[PDB]
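So the structure is just underneath, and the comments pick up after that.
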RNA sequence: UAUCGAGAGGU
Ligand SMILES: Nc1ncnc2c1ncn2[C@@H]1O[C@H](COP(=O)(O)CP(=O)(O)OP(=O)(O)O)[C@@H](O)[C@H]1O
Ligand SMILES: [Zn+2]
Ligand SMILES: [Zn+2]
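Protein chains in written order, with the authors' numbering: chain A, 244 to 291; chain J, 1 to 66; chain K, 1 to 113; chain W, 749 to 809; chain B, 1075 to 1125; chain L, 28 to 72.
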């Protein structure tokens, strides 16, 4: 939950996300691209 | 910064002796004798004048900011 | 930041007595006097004066802490004399010696003119 | 209260003649921020003069 | 000074050059009852300057 | 509105916050606020 | 009443 990975506000109206939030975004993006290959344009050496 | 009004240790007024001390030094007197003439007898009082540094002369060179 | 007002050394609060006398019942005829807003100046002066009286058997004072302008004195007199009275006498005795001293200085001063 | 943050002169006590500002005036006992040393003191509201249109006026402003 | 009596000992006495160092007690004194906590751990924050 | 002083030529002037921040006399863009209307007291200790 | 760092310091 966000209690484990809180956001911080640098200058009142500017907020950045925790390193874990960004890293889970990276896992989620990378997960979607595994779904996008095995169902269409997969050049094998790319699936790996 | 500017000559102290009183000797820190005993309270004797020394802030009226700065011009007289500089004048005695122009007239060629040695520092010890100039202090003697000014009746600065205790060495606490002598330290006040002998080791003062007149920095206000430096600060005045900075063209007033109003 | 935690410095007290310097006037508290000599200005007595209205609810604070200049002087408070209590007994020391451990020995006969002994009082403890607590002086507020006073110094070694008063205490040592009274102390020596009192100690030279023949009917004073014990006199002492202490400033318990230099950061607070009070002191406490202990005074014992022999059976005949009452301790508080001996203290009154020491006050008047010293006032008299200072009156004499002021007179002799005035005279000696005109002589030196 | 109508005298907060308004400039004040002290007319009784050890701080007599000193300038200050009413920092907090909850009730009867005010907190005046003295100008001269960096300290805010407790003082009764009876001890204060407030500045107004004409001179220093007691707590009738 | 209390009594006017001489000291039984004589005192090494004279001028020496002394320095006023940057460390002053009212720049260091600090106390906290309650106050702010960190968002992540809810433990008190670090530093005099942050209560 | 508020009195300022030019950090270069020492001219005194006012600005109504919306005015640009420069001196009318020499065009200097570094200026300093003039002293308060309030009276200042010190304890001389 | 931010977060991550760095540097200089105190005992
Ligand atoms: N870098 C450090 N790490 C851990 N503790 C330290 C330290 N520096 C100082 N200390 C602490 O502070 C003490 C040092 O005291 P100092 O004032 O530095 C010397 P001393 O031995 O007491 O006196 P001296 O000056 O007469 O030789 C150590 O014993 C320890 O208690
Ligand atoms: Zn001296
Ligand atoms: Zn200009």
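Ideal Cβ placement from N, Cα and C applies to all residues, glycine included.
How would you write the range of the alpha helix (DSSP H) that residue i sits in, first residue to last?
{"i": "residue 274 of chain A", "result": "262–280"}
{"i": "residue 49 of chain J", "result": "43–50"}
{"i": "residue 104 of chain K", "result": "83–112"}
{"i": "residue 58 of chain J", "result": "56–60"}
{"i": "residue 255 of chain A", "result": "Where residue 255 of chain A is concerned, there is no enclosing alpha helix (DSSP H), given that its DSSP letter is neither H nor E."}
{"i": "residue 25 of chain J", "result": "18–26"}
The beta strand (DSSP E) with residue i in it runs from where to where?
{"i": "residue 32 of chain K", "result": "30–36"}
{"i": "residue 781 of chain W", "result": "777–782"}
{"i": "residue 61 of chain K", "result": "56–62"}
{"i": "residue 44 of chain K", "result": "Careful: residue 44 of chain K lies outside any beta strand (DSSP E), inside the alpha helix (DSSP H) at 40–51."}
{"i": "residue 799 of chain W", "result": "796–799"}
{"i": "residue 35 of chain J", "result": "Here residue 35 of chain J belongs to no beta strand (DSSP E); instead the alpha helix (DSSP H) covers 31–37."}
{"i": "residue 72 of chain K", "result": "70–77"}
{"i": "residue 40 of chain L", "result": "39–42"}
{"i": "residue 791 of chain W", "result": "788–792"}
{"i": "residue 763 of chain W", "result": "From DSSP, residue 763 of chain W is part of no beta strand (DSSP E); its letter is neither H nor E."}
{"i": "residue 33 of chain L", "result": "29–33"}
{"i": "residue 20 of chain K", "result": "19–23"}
{"i": "residue 59 of chain L", "result": "58–60"}
Since residue i contacts residue j with CB under 8 Å, what's their CB separation in whole angstroms?
{"i": "residue 37 of chain K", "j": "residue 69 of chain K", "result": "5 Å"}
{"i": "residue 25 of chain J", "j": "residue 35 of chain J", "result": "Actually they do not touch by this definition, with Cβ atoms about 10 Å apart."}
{"i": "residue 78 of chain K", "j": "residue 57 of chain K", "result": "6 Å"}
{"i": "residue 23 of chain J", "j": "residue 1089 of chain B", "result": "25 Å between Cβ atoms; not a contact."}
{"i": "residue 38 of chain J", "j": "residue 58 of chain J", "result": "With a Cβ gap of about 25 Å, residue 38 of chain J and residue 58 of chain J do not count as contacting."}
{"i": "residue 249 of chain A", "j": "residue 1119 of chain B", "result": "About 14 Å; that fails the 8 Å criterion."}
{"i": "residue 1 of chain K", "j": "residue 1100 of chain B", "result": "5 Å"}
{"i": "residue 822 of chain W", "j": "residue 809 of chain W", "result": "Missing from the structure shown is residue 822 of chain W; chain W here goes from 749 to 809 and no further."}
Is the region 751–770 of chain W in contact with the region 781–796 of chain W, if contact means three or more CB pairs nearer than 8 Å?
yes
Going along the region 757–772 of chain W in order, which residues come within less than 7 Å of chain K, judged by CB to CB distance?
762
Report yes or no: do three or more beta-carbon pairs, one from the region 270–282 of chain A and one from the region 33–48 of chain L, lie closer than 8 Å?
no
Under a criterion of Cβ closer than 6 Å to any non-hydrogen atom of ligand 3, which residues qualify, in chain order?
L:33, L:35, L:36, L:38, L:50, L:52, L:53 and L:55
Counting beta carbon pairs with one atom in the region 46–54 of chain K and one in the region 86–104 of chain K, are three or more of them shorter than 8 Å?
yes
Pair every Cβ in the region 797–808 of chain W with every Cβ in the region 773–785 of chain W, then say whether three or more of these pairs are closer than 8 Å.
no
Who's in the neighbourhood of ligand 2, going by beta-carbon under 6 Å from any heavy atom, listed in chain order?
J:7, J:9, J:10, J:12, J:42, J:44 and J:45
Quick check: the region 50–58 of chain L against the region 30–38 of chain L, are there 3 or more CB pairs under 8 Å?
yes
Check each residue of the region 1085–1118 of chain B: if its Cβ is closer than 8 Å to any Cβ of chain A, include it; give the result in chain order.
1113 and 1114
When the Cβ atoms of the region 23–36 of chain K are set against those of the region 72–86 of chain K, are three or more pairs found closer than 8 Å?
yes
Please list the residues of the region 41–66 of chain J that have a C-beta atom closer than 9 Å to any C-beta atom in chain L, keeping them in chain order.
63, 64, 65 and 66
Proximal residues, the region 34–49 of chain L versus chain J, C-beta separation under 8 Å:
34, 37 and 39
Cβ-based contacts, 7 Å cut-off: residues of the region 244–257 of chain A near chain B:
249
Going along the chain, which residues of the region 46–70 of chain L sit with their C-beta nearer than 9 Å to a C-beta in chain W?
65, 66, 67, 68, 69 and 70
Taking beta-carbon pairs under 7 Å, can you tell me which members of the region 52–78 of chain K lie near chain B?
none
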